[PDB]
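Here are the chains, one letter per residue:
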Number of protein chains: 2
Amino acid sequence: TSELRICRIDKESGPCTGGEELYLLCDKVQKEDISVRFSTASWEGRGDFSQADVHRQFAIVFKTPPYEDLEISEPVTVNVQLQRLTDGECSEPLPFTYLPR
Amino acid sequence: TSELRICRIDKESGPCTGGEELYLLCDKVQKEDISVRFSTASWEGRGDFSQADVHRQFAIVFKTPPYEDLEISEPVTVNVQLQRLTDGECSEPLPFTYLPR
């Protein structure tokens, strides 16, 4: 009920030793009333996090634009950043590298 | 200004041919006033997405609990899901596999 839904998890595997920090996207949840359950029919484990570790982030889904040179033989890491249409204000850049076919 | 900030991008590389669907987490943005800029000092490209492709997701950061058996020799993909403390209501499970040291 109240629809608990996990949209995604950054990783899909990790050391069985645990302790690996991850993050998951999901629908609305009560930070003062929510936990992450790792489990099997016979075992159960809980992800470790505080209320502060629960954020209300915005997310954008989009397809990457093709690169100017499709014949690059070397990886080319360019910049990616948010830009406001109205004033052309940008955010700090983040990297993303293009690979050759 | 108005602090445009990209928190993360699911991938950090992809084909130079583009067209690869990705997603980025970021602070508040005006879906009717925002764009993604791919660039270099001499080139500029724009991520393709509609207003609908802009979501207001919640995200949880946490460390994975260690697995019951640290001596597993085979990968063990268990279940991960949200669980409400109060009523123990769970969300659909999503997989995550543990690997051996």
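We count residues from 1 along each chain, following the written sequence rather than the entry's numbering, and we skip any residue without coordinates. Chain letters start at A and ligand numbers start at 1, both assigned in the order the entries are written. Water and hydrogen atoms play no part in the side-chain values, which are based on all heavy atoms of the structure.

- Chain A is annotated in the PDB entry as Transcription factor RelB of Mus musculus.

1. Notes on the relation of the copies chain B and chain A
Reasoning step 1: Relative to chain A, chain B is turned by 180° and slid 0.0 Å along the rotation axis, the superposed coordinates differing by an RMSD of 0.0 Å. Given the turn and translation reported, the copies of this chain are related as if by a two-fold rotation axis. Within chain B, the C-alpha atom positioned nearest to the axis of rotation is that of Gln57(B), 2.8 Å from it.
Reasoning step 2: Mapped onto chain A, 100% of the interface residues of chain B are again interface residues, and the two copies thus contact each other with one and the same surface. Copies are aligned to one another through a least-squares fit of their C-alpha atoms. It only takes one pair of heavy atoms within 4.5 Å for two residues to be counted as in contact.

2. A word on the sheet that holds strand β8 (residues 76-83) of chain B
Reasoning step 1: The strand order β2(A)-β9(B)-β8(B)-β4(A)-β5(A) describes an open sheet built from five strands, whose pairing is mixed. Edge positions in the sheet fall to β2 (13-15) and β5 (44-46) of chain A, since each of these pairs with one other strand and no more. Adjacent strand axes in the sheet meet at a mean angle of 35° when their direction is disregarded. Pairs of strands are assigned from DSSP output, requiring at least two bridges between the strands. Put simply, DSSP H or I for four residues or longer makes a helix, DSSP E for two residues or longer makes a strand, and each gets a number counted from the N terminus. Fitted lines through C-alpha atoms give the axes, limited to the stretch in contact for helices. The angle between two N-to-C directions lies from 0 to 180 degrees.

3. Comments concerning the environment of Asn79(A)
Reasoning step 1: Checked against the element boundaries, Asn79(A) lands in strand β8 (residues 76-83).
Reasoning step 2: Remark: exposure states derive from per-residue accessible area (1.4 Å probe, protein chains only) relative to the maximum for the residue type, with buried under 20%, exposed over 50%, and partly exposed in between. By relative accessible area, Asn79(A) is classed as partly exposed at 31%.
Reasoning step 3: Spatially, the C-alpha atom of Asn79(A) lies 14 Å from that of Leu99(A), the residues being 20 residues apart in sequence.
Reasoning step 4: With residues near it in sequence (within four places) discarded, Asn79(A) still touches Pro93(A), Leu94(A), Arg37(B), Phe38(B) and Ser39(B).

4. Some details on the pairing of strand β4 (residues 35-39) of chain A
Reasoning step 1: Burial of β4(A) is extensive: five of the five residues sit out of reach of the surface.
Reasoning step 2: Side-chain alternation along β4(A) places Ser35(A), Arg37(A) and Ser39(A) on one buried face and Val36(A) and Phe38(A) on a second face that is also buried.
Reasoning step 3: The sheet contact formed by β4(A) and β8(B) spans five bridges and is antiparallel. From the neighbouring strand, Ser35(A) faces β8(B), where its bridge partner is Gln83(B).

5. Details of the interface of chain B and chain A
Reasoning step 1: Contact residues are listed per partner, giving 82 residues for chain B and 82 residues for chain A.
Reasoning step 2: Buried area is calculated as the accessible area (1.4 Å probe) missing from two parts once they are joined, with the contributions of both summed. In total, chain B and chain A occlude about 8,900 Å² of area from one another, counting both sides; carbon and sulfur atoms represent 63% of this.
Reasoning step 3: The largest per-residue losses of area from chain B upon contact with chain A belong to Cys16(B), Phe58(B) and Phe62(B), which jointly make up 10% of the total buried on that side.
Reasoning step 4: Salt bridge criterion: a side-chain nitrogen from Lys or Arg within 4 Å of a carboxyl oxygen from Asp or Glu. Joining chain B to chain A, the criterion identifies zero salt bridges.
Reasoning step 5: A 3.5 Å cut-off defines polar contacts: any pair of N or O atoms within that distance qualifies, except that in protein one atom must be a possible hydrogen donor and the other a possible acceptor, and neighbouring residues in sequence count only when both atoms are side-chain atoms. The interface formed by chain B and chain A contains 42 residue pairs in polar contact.
Reasoning step 6: When residues are grouped by polarity, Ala, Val, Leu, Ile, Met, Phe, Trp, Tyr, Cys and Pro land in nonpolar, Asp, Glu, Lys and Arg in charged, and all others, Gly among them, in polar. Its residues placed into classes, the side of chain B that touches chain A shows 39 nonpolar, 21 polar and 22 charged.
Reasoning step 7: Relative to strand β7 (residues 58-63) of chain B, strand β3 (residues 21-26) of chain A runs antiparallel, the two sharing six bridges. When the sheet's bridge partners are listed, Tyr23(A) is paired in β7(B) with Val61(B).

6. Focus: the pairing of β7(B)
Reasoning step 1: In terms of burial, β7(B) is a largely internal element, five of the six residues being buried.
Reasoning step 2: With two bridges connecting them, strand β6 (residues 54-55) of chain A and β7(B) associate as antiparallel partners. Opposite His55(A), over in β7(B), you have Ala59(B) as the bridge partner.

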